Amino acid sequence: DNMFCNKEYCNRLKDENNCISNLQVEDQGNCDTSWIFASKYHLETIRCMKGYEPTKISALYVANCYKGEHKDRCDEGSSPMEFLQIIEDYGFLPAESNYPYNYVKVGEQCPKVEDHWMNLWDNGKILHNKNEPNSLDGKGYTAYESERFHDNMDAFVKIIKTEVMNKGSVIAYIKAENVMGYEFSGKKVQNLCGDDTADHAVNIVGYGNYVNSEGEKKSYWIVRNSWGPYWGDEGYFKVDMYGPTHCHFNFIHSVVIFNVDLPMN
């Protein structure tokens, strides 16, 4: 456990027995549903950390079940904030097996929950506790932006490492264009700047130290994508945590963590 994930190196995928290593990469297909895949994976790793089986959440249920005006669920992505609202409104997260994903079904009518379906949110609670001496906590999520940490990136890194260790992952936002280069196939540590904005949710799942092609000691994030297991390096990639020195923007735009109460299994 600790030898696979500590403050200097964390790669749970190298422990074939780890619950988290048994959460296989998924393929969102040709809809903008990464917000669902990354958010649900964060709950899946939290469940693993609390001793539950690596059972997948139905992304399709979350895509299709919502209150209010009709939405454009294939063409337009939403946010981790909305993901939590759907949980609050419905109280039920079916398993993938009960309502499995096909991107062509994103937007269809929300299905009836059948009697035999599993609720992977049973005894879960999103926390809205008001603990800090300010009115801004208790939203159910906490978000950090690399631009706000531009003069203190060591603290941004430490926050993410702590959450990866404790929750198994964080949600991270990137600009999808940035991983579209031919070079993102393969096993090298990528090194590049981000943009002013982001549009695609992924997960940071680990990290480590390495030496770059210029002989400099550096560090990388291990990032999970939702473009299937033939994209990148078996569905994941490594990216330099700091990137080129000239960058105005970090490759990681922002991270989100969910604040939930879930009893140990």
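In this text, residue numbers run from 1 along the sequence as written.
Quiz item: Per the PDB record, is the mean Cα temperature factor higher over 59 to 67 or over 202 to 210?
Solution: The recorded data point to 59 to 67.
Quiz item: Of the two stretches 48 to 56 and 223 to 231, which shows the higher Cα B-factor on average in the entry?
Solution: Taking the mean B-factor of the alpha carbons in each, 48 to 56 is higher.
Exercise. Compare the CA B factors listed in the entry for 73, 175, 112, 105 and report the winner.
Key: In this record, 112 carries the highest C-alpha B-factor of the candidates.
Quiz item: Among 19, 10, 241, 256, which residue carries the highest C-alpha B-factor recorded in the PDB entry?
Solution: Answer, based on the entry's C-alpha B-factors: 19.
Exercise. Comparing against every modelled residue in the chain, figure out the third that the C-alpha B-factor of residue 247 lands in (lowest, middle or highest).
Key: Answer is highest: the recorded C-alpha B-factor places it there.
Practice problem: Select lowest, middle or highest to describe the third in which the CA B-factor of residue 169 falls within its chain in this entry. | Solution: Within its chain, residue 169 is a lowest-third residue by C-alpha B-factor, going by the deposited values.
Exercise. Would you mind ranking residue 120 by its C-alpha B-factor against the rest of the chain and naming the third, lowest, middle or highest?
Key: Its C-alpha B-factor, which the entry lists for residue 120, ranks in the highest third among residues of this chain.
Exercise. Comparing against every modelled residue in the chain, figure out the third that the C-alpha B-factor of residue 84 lands in (lowest, middle or highest).
Key: It falls in the middle third of the chain.
Quiz item: If you rank every modelled residue in this chain by C-alpha B factor, which third holds residue 126: lowest, middle or highest?
Solution: Its C-alpha B-factor, which the entry lists for residue 126, ranks in the highest third among residues of this chain.
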